[PDB]
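Peer 1: Provided hereafter are the protein sequence and its experimental coordinates.
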4 protein chains.
Amino acid sequence: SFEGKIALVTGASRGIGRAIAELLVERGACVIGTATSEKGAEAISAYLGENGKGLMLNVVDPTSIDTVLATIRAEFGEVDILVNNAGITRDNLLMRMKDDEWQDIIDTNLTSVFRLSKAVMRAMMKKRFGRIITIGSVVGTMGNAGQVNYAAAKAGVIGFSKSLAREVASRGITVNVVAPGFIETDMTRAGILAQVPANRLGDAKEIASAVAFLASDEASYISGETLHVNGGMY
Amino acid sequence: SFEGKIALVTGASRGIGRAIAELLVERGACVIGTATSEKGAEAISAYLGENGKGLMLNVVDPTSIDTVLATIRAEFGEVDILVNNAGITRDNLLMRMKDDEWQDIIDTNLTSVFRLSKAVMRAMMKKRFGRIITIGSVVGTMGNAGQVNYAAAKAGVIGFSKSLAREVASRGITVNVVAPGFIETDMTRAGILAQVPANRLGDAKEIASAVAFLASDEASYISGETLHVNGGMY
Amino acid sequence: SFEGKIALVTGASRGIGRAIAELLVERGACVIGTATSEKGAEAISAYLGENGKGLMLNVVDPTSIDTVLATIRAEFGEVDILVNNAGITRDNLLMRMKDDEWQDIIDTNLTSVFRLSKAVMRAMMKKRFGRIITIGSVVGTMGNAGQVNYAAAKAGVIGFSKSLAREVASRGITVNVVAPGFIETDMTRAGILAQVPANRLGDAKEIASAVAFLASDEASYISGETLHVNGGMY
Amino acid sequence: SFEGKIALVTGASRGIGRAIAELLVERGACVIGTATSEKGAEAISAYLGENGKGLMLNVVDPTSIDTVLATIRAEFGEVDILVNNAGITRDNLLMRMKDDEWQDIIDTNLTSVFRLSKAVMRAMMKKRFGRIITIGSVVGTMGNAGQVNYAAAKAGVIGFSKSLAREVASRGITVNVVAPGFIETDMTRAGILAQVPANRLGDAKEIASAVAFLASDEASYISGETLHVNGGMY
């Protein structure tokens, strides 16, 4: 259980972020989900209830980060747990990929982790406790065609986490990555099922479970690690 | 919790095996720890209580495996969870390493996993549920000097688990590995602490936590994975 | 030998880039080394001779890339081989790392690879032959403290290369990474020697050898691979 | 070139072992290929010519190893280069896999490497130069269904090599692994071609090239490494 802990889950509107936010709430956490719109933030608040609050965050905007965090520090307190699930895709072959499509993915999926991690670190070091978890992807390891930007960002996240893990290990702060396989998405056959040995798509809840485990005090000695939830895939 | 589950922990006399056995008992499991001697088995029974039983097992002996399992099936029931923590070391440089020292490690740390995994598989497939977890080591990945046999076995275990994971994924059976770092042992300074970023040795309980998580229904979609608990090391 | 091949080595002024450029020239290549200054470009031309030319390139500047490539296409021809050795470091702990220091490393060490790779790809696909090699680092895999940006970029490079490798494999184009260990640098004891088993620092020539091998027709079936030259380290 | 070098290639009768033996001969090596039968040894001698000799070797038999090596030391000299390509398969699901089928693979593909490596090490350390290369497999890393024994052995080989690499790095001896993908075999469609991005099966020559590169003086700083030749696969 996360009694008295404050967890910040970016992109907590639906799917994995929502599952993670809901599961953390269920186990006594003070969760704070984010969206890119006030509407989504309200939608988040609605299902979070009095246990947490939904806020509008733009991971690419430093100002937004500062503002949202200031709100979090003012209303609730210092962030003990950080879940980076904010991410987008701009798929294209190498040819036909605009600088925009590359840079956006880099800014949203990689640089954001640096910014947000950097923003909450001091309080964690001070408090002698911290959890930084980033939802990565299997294609950050495999990777995948038409996703050079995504694979680059998601590999970069692993590198970042492993590099950071060595930096703040002695201070009871762990930095890890969770890599989902083919999870059940809003979008969703044979191509996906054939790849996975388990013969079934993963559930967001299953990812939330992994994150929740890494977030708990039972994973205090696990850091700079990449946990793969893909049902035998890869 | 593991209500109504039967867990077989090999080498459950002290340290990691004991922690794992104790933690599984604590969460409603019917645990069955093993030793190489009847004395150790009794010692295991003593601390397990009415929740489980300590038995004498020789992983290198097929007859012993059959006997012990027959006892387990007769008294308790089919093994739902299998924890392979039986292992030894015969350290030596490549020169100066007897065929005996190599073969013993191979037989005890690698072939045993095949035998025991093979022994309990049918009931798991039939039952449409199974957990096979092997306690590996960081030197199975790094690895380490004067431990070619140990590293070979412990890498082989990972290969085995990953190969098996693909075989029985569709049947709700997962096969994973847990790799401890420098855990607090009966034997136990700067050399070990310097290597680890966390600045502290891991606890058996922390390993037990990881195993217990992999054993639970919250890791149903994690298979063929190697979870490293080393506090930022490696 | 690289008879009739055109190789573009970024950051070919000294050390590894120079070794790579020199070794490629030695084996019949038409090499084209780059620097950030005209002075360095001249310095490159001086030691390359009539076999190649030194040009001024700014990997972060699209205009510069277009210009330099236009020069290369006009004077010599289409790039058959691409060696990405352009890279910098802005070391700092996570706290105390300016957005500038992060972004510069990301732009120079990661986005550059995307741009340059994208720029030369069409001719390679058309020509049904291509070599894209990026000089990475061991800390992109380990990684290292006070180098989150560097590790992120250098992991991202691996992700990128692996993702791209799947994209253009059928067209006889390979995309790989070379990761040096502690190579003899302009800067350069026990700390470095203790980490390396080989008891000695690597030489730029040794890296050049690896790159040259990957560049040759003997590595036509090696793609999306990361070759580590670190003398038993890691 | 390998002028004045003595190379021992196990299982050098056809395919990859033959390619490796032929390519090493071509570049000035004194090669010594092996078979399990005198017929195969003669067949090897026939195509090797006066540059080398074909001998009968049984990797599972210590006596055979001692004898063959004694012959090699008497006739030619100390082994400078060791290529382990001796290997077999006994495919079966976990259930239905006899102890025999497991143990044979372990003895032939894993323990052999230990024995042969151990046998030639002293001369290499003495001579301050050595090359130990083992032909592994992609399924030692992936791995594969119905091949738990093979995957275990081939992962164990990697562990062994990495463990050994740290042991003898300072003495100018390197221990590496080459992992082929779907190479053109005596046996050999869509299933294999679909898996490989390159859209073609690898050639034994391509593997021989990799081994030859690792064997040469241009890979003196590459040790404990696993080079994957699979044309973008994995």
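Peer 2: Happy to help now that I have it. Numbering: from 1, shown residues only, chains lettered A, B, ... in the order given.

Peer 1: the strand or helix carrying residue A:7 packs against which elements?
Peer 2: Here residue A:7 sits within strand A:6-10, counting by DSSP states H and E. Strand A:6-10 sits against helix A:15-26, strand A:30-35, strand A:81-84, helix A:112-127, with contacts defined as 3 or more CB pairs under 8 Å, 6 or more residues apart in numbering or on different chains; DSSP states H and E. In short, each C-beta sits where N, CA and C put it, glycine included.

Peer 1: residue A:94 against residue C:165, yeah?
Peer 2: No. Contact criterion CB atoms under 8 Å: residue A:94 and residue C:165 do not qualify, at 10.9 Å.

Peer 1: could you pull out the helices in chain A for me?
Peer 2: Assigned by DSSP state H, the helices in chain A fall at A:15-26, A:38-48, A:62-75, A:99-106, A:112-127, A:148-167, A:190-195, A:204-215.

Peer 1: looking at these, which is nearest to residue B:206?
Peer 2: Evaluated over the helices of chain A, closeness to residue B:206 peaks at helix A:204-215, with 12.3 Å, by CB to CB.

Peer 1: comparing the helices of chain A, which comes out most buried?
Peer 2: Of all the helices of chain A, helix A:148-167 carries the top mean neighbour count, a mean of 30, counting by mean count of other CB atoms under 10 Å in any protein chain shown.

Peer 1: what strands line up against the strand holding residue A:7, and which way round?
Peer 2: Using DSSP bridges, strand A:6-10 pairs in its sheet with strand A:30-35 (parallel), strand A:81-84 (parallel).

Peer 1: ok so, going back, could I get the helices of chain A as JSON lines with distance to chain D?
Peer 2: Output for the helices of chain A, formatted as JSON lines (distance: least, CB to the nearest CB, whole Å):
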{"stretch": "helix A:15-26", "distance to chain D": "26"}
{"stretch": "helix A:38-48", "distance to chain D": "38"}
{"stretch": "helix A:62-75", "distance to chain D": "38"}
{"stretch": "helix A:99-106", "distance to chain D": "21"}
{"stretch": "helix A:112-127", "distance to chain D": "27"}
{"stretch": "helix A:148-167", "distance to chain D": "13"}
{"stretch": "helix A:190-195", "distance to chain D": "10"}
{"stretch": "helix A:204-215", "distance to chain D": "22"}
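
Peer 1: out of the ones you listed, the one nearest residue C:131 is which?
Peer 2: That would be helix A:148-167 among the helices of chain A, by CB to CB, at 17.1 Å.

Peer 1: how about that closest one and chain B, any contact?
Peer 2: Yes. Helix A:148-167 reaches chain B (CB under 8 Å from any CB of the partner chain) through A:165, A:166.

Peer 1: output that helix as PDB, nothing but the C-alphas.
Peer 2: The C-alpha trace of helix A:148-167 is given here as PDB (Å, rounded to 0.1, in the frame of the first residue of the first chain):
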ATOM      1  CA  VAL A 148      12.900   5.100 -35.700                       C
ATOM      2  CA  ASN A 149      11.900   8.200 -33.700                       C
ATOM      3  CA  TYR A 150       9.800   6.200 -31.200                       C
ATOM      4  CA  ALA A 151      12.400   3.500 -30.900                       C
ATOM      5  CA  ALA A 152      15.100   6.100 -30.400                       C
ATOM      6  CA  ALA A 153      13.100   7.900 -27.700                       C
ATOM      7  CA  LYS A 154      12.200   4.700 -26.000                       C
ATOM      8  CA  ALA A 155      15.800   3.300 -26.000                       C
ATOM      9  CA  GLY A 156      16.900   6.700 -24.900                       C
ATOM     10  CA  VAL A 157      14.600   6.500 -21.900                       C
ATOM     11  CA  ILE A 158      16.200   3.200 -20.900                       C
ATOM     12  CA  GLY A 159      19.600   4.700 -21.200                       C
ATOM     13  CA  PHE A 160      18.500   7.700 -19.200                       C
ATOM     14  CA  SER A 161      17.000   5.600 -16.500                       C
ATOM     15  CA  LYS A 162      20.000   3.300 -16.200                       C
ATOM     16  CA  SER A 163      22.300   6.400 -16.100                       C
ATOM     17  CA  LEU A 164      20.200   8.100 -13.500                       C
ATOM     18  CA  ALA A 165      19.900   4.900 -11.400                       C
ATOM     19  CA  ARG A 166      23.600   4.900 -10.700                       C
ATOM     20  CA  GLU A 167      23.400   8.600  -9.700                       C
END
